[PDB]
Amino acid sequence: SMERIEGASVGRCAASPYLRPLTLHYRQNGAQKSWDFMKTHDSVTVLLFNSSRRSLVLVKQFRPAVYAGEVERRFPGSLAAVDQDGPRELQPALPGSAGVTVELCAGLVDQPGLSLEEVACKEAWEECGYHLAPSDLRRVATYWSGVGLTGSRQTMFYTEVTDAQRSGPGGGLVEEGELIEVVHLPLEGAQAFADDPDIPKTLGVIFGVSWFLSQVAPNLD
Amino acid sequence: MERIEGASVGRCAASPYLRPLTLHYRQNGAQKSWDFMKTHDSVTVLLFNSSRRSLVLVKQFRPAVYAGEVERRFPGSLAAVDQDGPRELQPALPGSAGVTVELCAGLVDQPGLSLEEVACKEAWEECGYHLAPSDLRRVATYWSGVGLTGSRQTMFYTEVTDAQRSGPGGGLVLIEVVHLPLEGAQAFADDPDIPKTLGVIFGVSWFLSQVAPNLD
Ligand SMILES: CN1CCC(n2nc(-c3cccc(Oc4ccccc4)c3)c3c(N)ncnc32)CC1
Ligand SMILES: CN1CCC(n2nc(-c3cccc(Oc4ccccc4)c3)c3c(N)ncnc32)CC1
Ligand SMILES: CN1CCC(n2nc(-c3cccc(Oc4ccccc4)c3)c3c(N)ncnc32)CC1
Ligand SMILES: [Mg+2]
């Protein structure tokens with residue numbers, strides 16, 4: 001099950017391909033300053049509107065960082081310094097449902113040679129089972145994600161799909177230990193879904209719903 | 001604020017803002033692990049000043065954004081330091097590379113203040129507007145950076161007038177307050193030459209579709 005998590009523990013992270021902390025030293029109007037950040041990849045996200053079903057296509061999956069943040073919210077001190085060899089078991093753990101998010105289809109810009117659009121198409125295939133062409137995609141927005149702690153860009157795309165385009169199993173790469181659920185969000189429930197704070201979601205979902213309902217859906221009515 | 005000199009990359013062993021951790025867990029019986037950063041939650045505030053019919057935003061130098069732009073222009077600029085000290089960026093970029101436009105915002109890192117009160121504090125110190133917690137509408141709560149941080153961000157909206165602009169703002173001792181007229185708002189958001197956040201883009205889009213049509 002996606003939401004069945006066991007043995008949850010926190011440990012030190014000495015090196016990682018996904019985050020690499022650095023400090024920028026610089027003078028700003030003659031004052032010497034420093035700033036802590038982490039080097040990270042850019043990313044792409046893609047909102048699909050399935051017109052056969054009149055539903056938006058989203059993904060649901062366990063996010064370990066979200067789970068840890070939620071354990072820390074409900075049990076302050078869970079993420080205390082790991083001053084020991086090896087991980088420290090959480091006491092108490094939360095249910096794994098605490099880390100399950102709803103997101104747009106998304107992936108890192110870590111694919112040598114692929115365009116941003118092609119990365120978006122790859123993720124829509126691998127995560128959702130939808131076959132897209134790059135020219136099917138509309139660029140919605142490009143922006144900085146997390147300006148305080150990283151300098152990564154994210155680019156969001158949009159495309160309309162039909163049922164015939166859902167020709168794959170989706171669910172992410174099985175061999176690589178991914179378990180992703182495809183969510184089809186009926187348009188009639190979409191704004192309520194986004195506004196509901198009991199469903200953990202990203203700003204990309206909330207913005208995607210708002211943007212679609214005000215910029216696209218009227219030109220289909 | 002855009003006059004940045006002698007930029008250099010050094011190591012970051014400890015920081016009160018990012019602490020690298022690894023979650024270890026079993027899912028479907030398989031042992032997994034995930035690298036992330038422990039970080040603070042945050043709040044953002046969109047203000048509509050109806051005296052001026054303008055959205056209140058902030059502009060400031062963001063070092064991480066700057067570093068990201070140097071790495072884009074000169075790959076390898078951010079390689080591991082491997083020295084006794086920081087390594088100068090040569091070539092570098094002008095400070096304008098790191099200048100962003102954002103919503104008023106702050107970390108939830110201080111005991112004593114609710115989310116609403118952090119937002120009022122930031123609106124005062126950054127924008128010079130005096131707000132009350134009860135003046136705030138919660139627009140959205142969401143997770144930013146679910147891959148590496150898991151921290152939560154709450155966005156508030158509130159309506160102000162010039163009668164509430166009782167301070168200068170600009171931060172504490174370089175933040176500039178931006179007043180975006182409603183008529184140019186959408187064009188501002190769409191302008192890809194303006195370095196801005198998803199919070200700004202969503203704030204302008206939300207305001208123009210949920211508030212602006214019912215004004216007046
Ligand atoms: C709406 N429809 C949907 C699909 C239809 N379509 N699109 C492609 C097609 C082409 C080129 C790249 C592509 O996506 C990637 C391929 C590799 C890596 C990353 C993305 C997809 C295609 C095809 N090869 N054969 C038959 N039909 C096709 C036309 C419009
Ligand atoms: C004010 N004073 C002077 C500056 C000092 N400060 N603040 C940060 C820092 C951390 C994380 C987010 C961040 O901005 C956001 C805050 C909320 C929402 C979105 C972005 C800023 C920082 C750093 N990473 N490294 C060194 N100093 C740092 C903090 C105290
Ligand atoms: C097989 N896949 C599965 C995961 C595996 N992977 N991916 C990340 C990881 C990093 C940063 C962002 C992220 O997700 C987003 C990507 C785009 C937009 C929004 C979120 C994921 C990661 C980690 N931080 N620690 C350990 N393993 C990790 C390797 C590749
Ligand atoms: Mg993904």
# chains A, B, ... in the order shown; residues from 1 in each chain; ligands from 1
call {"tool": "select_by_dssp", "arguments": {"residues": "segment 24-213 of chain B", "states": "strand (DSSP E or B)", "output": "number ranges by chain"}}
result
B: 24-27, 30-38, 42-49, 54-61, 87-88, 99-102, 104-107, 137-143, 152-160, 176-181, 196-197
call {"tool": "interface_residues", "arguments": {"of": "chain A", "to": "chain B", "cutoff": "7 Å", "atoms": "only C-alpha atoms", "output": "ChimeraX atom specification"}}
result
/A:1,4-13,16,21-29,35-37,63-66,69,143-145,147-152,195,197,200-203,207,210-211,214
call {"tool": "write_last_selection", "arguments": {"atoms": "N, CA and C atoms", "output": "compact mmCIF listing (two decimals), in the first residue's frame"}}
result
# COMPACT_ATOMS: atom_id res chain seq x y z
N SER A 1 0.83 -1.19 0.00
CA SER A 1 0.00 0.00 0.00
C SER A 1 0.88 1.25 0.00
N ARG A 4 1.05 2.69 3.74
CA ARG A 4 1.57 1.85 4.80
C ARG A 4 3.08 2.05 4.84
N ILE A 5 3.54 2.75 5.87
CA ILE A 5 4.94 3.07 6.09
C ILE A 5 5.34 2.47 7.43
N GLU A 6 6.52 1.85 7.49
CA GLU A 6 6.96 1.24 8.73
C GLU A 6 8.43 1.55 8.97
N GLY A 7 8.82 1.45 10.24
CA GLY A 7 10.19 1.69 10.65
C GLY A 7 10.73 3.08 10.39
N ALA A 8 9.85 4.09 10.30
CA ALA A 8 10.30 5.44 9.93
C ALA A 8 11.36 5.93 10.91
N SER A 9 12.47 6.42 10.36
CA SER A 9 13.60 6.86 11.17
C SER A 9 14.27 8.03 10.47
N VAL A 10 14.97 8.86 11.25
CA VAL A 10 15.72 9.98 10.70
C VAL A 10 17.21 9.79 10.95
N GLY A 11 18.02 10.09 9.94
CA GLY A 11 19.46 9.99 10.06
C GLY A 11 20.13 11.18 9.41
N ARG A 12 21.44 11.25 9.60
CA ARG A 12 22.25 12.27 8.96
C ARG A 12 22.37 12.02 7.47
N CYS A 13 22.62 13.09 6.73
CA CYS A 13 22.78 13.03 5.28
C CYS A 13 24.08 13.75 4.95
N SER A 16 24.56 13.84 -1.09
CA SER A 16 23.36 13.45 -1.79
C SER A 16 23.39 14.04 -3.18
N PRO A 21 24.47 21.64 0.03
CA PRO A 21 24.51 22.95 0.68
C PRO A 21 25.79 23.71 0.35
N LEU A 22 25.62 25.01 0.12
CA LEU A 22 26.70 25.95 -0.15
C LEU A 22 26.42 27.25 0.61
N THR A 23 27.41 28.14 0.64
CA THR A 23 27.24 29.47 1.20
C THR A 23 27.78 30.47 0.19
N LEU A 24 26.97 31.49 -0.14
CA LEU A 24 27.41 32.59 -0.98
C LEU A 24 27.93 33.70 -0.08
N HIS A 25 29.17 34.14 -0.33
CA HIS A 25 29.77 35.28 0.35
C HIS A 25 29.82 36.44 -0.63
N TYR A 26 29.43 37.63 -0.18
CA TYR A 26 29.28 38.75 -1.11
C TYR A 26 29.21 40.05 -0.32
N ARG A 27 29.56 41.15 -0.99
CA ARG A 27 29.39 42.49 -0.43
C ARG A 27 28.17 43.14 -1.07
N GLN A 28 27.28 43.67 -0.24
CA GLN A 28 26.08 44.37 -0.71
C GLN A 28 26.07 45.76 -0.09
N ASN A 29 26.18 46.77 -0.94
CA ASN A 29 26.40 48.15 -0.50
C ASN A 29 27.46 48.21 0.59
N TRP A 35 25.16 33.82 2.85
CA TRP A 35 23.81 33.29 2.71
C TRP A 35 23.87 31.80 2.43
N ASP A 36 23.13 31.02 3.22
CA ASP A 36 23.14 29.56 3.11
C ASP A 36 22.07 29.09 2.15
N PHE A 37 22.46 28.24 1.19
CA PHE A 37 21.51 27.72 0.23
C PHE A 37 21.95 26.32 -0.18
N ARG A 63 5.36 11.31 -0.02
CA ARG A 63 6.50 12.21 -0.08
C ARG A 63 7.25 12.16 1.24
N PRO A 64 8.42 11.51 1.31
CA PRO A 64 9.12 11.40 2.61
C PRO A 64 9.39 12.73 3.30
N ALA A 65 9.76 13.77 2.55
CA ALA A 65 10.04 15.06 3.18
C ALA A 65 8.77 15.67 3.76
N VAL A 66 7.64 15.51 3.08
CA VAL A 66 6.37 15.97 3.63
C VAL A 66 6.03 15.19 4.88
N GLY A 69 8.14 16.47 7.75
CA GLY A 69 7.69 17.78 8.21
C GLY A 69 6.43 17.70 9.04
N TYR A 143 9.04 30.20 -13.30
CA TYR A 143 9.20 30.95 -12.06
C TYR A 143 10.27 30.28 -11.20
N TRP A 144 10.70 31.00 -10.17
CA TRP A 144 11.64 30.47 -9.18
C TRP A 144 10.85 29.75 -8.10
N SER A 145 11.27 28.54 -7.76
CA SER A 145 10.70 27.78 -6.66
C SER A 145 11.66 27.82 -5.47
N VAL A 147 12.93 30.67 -3.44
CA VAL A 147 13.97 31.70 -3.58
C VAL A 147 14.82 31.89 -2.34
N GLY A 148 14.35 31.45 -1.17
CA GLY A 148 15.12 31.65 0.03
C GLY A 148 16.26 30.67 0.15
N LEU A 149 16.07 29.45 -0.36
CA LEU A 149 16.99 28.36 -0.11
C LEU A 149 17.58 27.72 -1.35
N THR A 150 17.06 28.01 -2.54
CA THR A 150 17.66 27.45 -3.74
C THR A 150 17.41 28.37 -4.91
N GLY A 151 18.20 28.19 -5.95
CA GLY A 151 17.98 28.98 -7.14
C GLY A 151 17.53 28.13 -8.31
N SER A 152 16.47 27.35 -8.13
CA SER A 152 15.98 26.49 -9.20
C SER A 152 14.74 27.09 -9.85
N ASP A 195 -9.45 24.20 -2.51
CA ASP A 195 -9.63 25.04 -1.33
C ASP A 195 -9.59 24.25 -0.03
N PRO A 197 -8.33 22.40 2.95
CA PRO A 197 -7.00 22.25 3.57
C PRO A 197 -6.74 20.88 4.18
N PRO A 200 -3.40 17.46 1.49
CA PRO A 200 -2.09 18.10 1.31
C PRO A 200 -1.76 18.19 -0.17
N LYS A 201 -1.48 19.40 -0.63
CA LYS A 201 -1.25 19.63 -2.04
C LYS A 201 -0.25 20.76 -2.17
N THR A 202 0.23 20.95 -3.39
CA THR A 202 1.23 21.94 -3.73
C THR A 202 0.57 23.19 -4.27
N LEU A 203 1.32 24.29 -4.25
CA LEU A 203 0.81 25.49 -4.89
C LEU A 203 0.57 25.26 -6.38
N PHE A 207 -2.78 26.56 -8.04
CA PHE A 207 -2.69 27.49 -9.15
C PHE A 207 -3.20 26.86 -10.44
N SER A 210 -6.97 27.00 -10.32
CA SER A 210 -7.44 28.37 -10.48
C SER A 210 -7.23 28.85 -11.91
N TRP A 211 -6.03 28.64 -12.44
CA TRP A 211 -5.70 29.09 -13.80
C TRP A 211 -6.56 28.41 -14.84
N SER A 214 -10.26 29.76 -14.77
CA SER A 214 -10.48 31.12 -15.23
C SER A 214 -9.93 31.39 -16.63
call {"tool": "residues_near_ligand", "arguments": {"ligand": "ligand 4", "cutoff": "7 Å", "atoms": "only C-alpha atoms and all ligand atoms", "output": "number ranges by chain"}}
result
A: 105-107, 123
call {"tool": "residues_near_ligand", "arguments": {"ligand": "ligand 1", "cutoff": "12 Å", "atoms": "only C-alpha atoms and all ligand atoms", "output": "VMD selection string"}}
result
chain A and resid 48 50 111 to 126 129 to 137 159 to 167
call {"tool": "atom_distance", "arguments": {"atom1": "atom CA of residue 118 of chain B", "atom2": "atom CA of residue 105 of chain B"}}
result
8.7 Å
call {"tool": "select_by_dssp", "arguments": {"residues": "segment 22-146 of chain B", "states": "alpha helix (DSSP H)", "output": "PyMOL selection string"}}
result
chain B and resi 63-73+115-127
call {"tool": "atom_distance", "arguments": {"atom1": "atom 28 (C, counted along the ligand's line) of ligand 3", "atom2": "atom CA of residue 196 of chain A"}}
result
28.3 Å
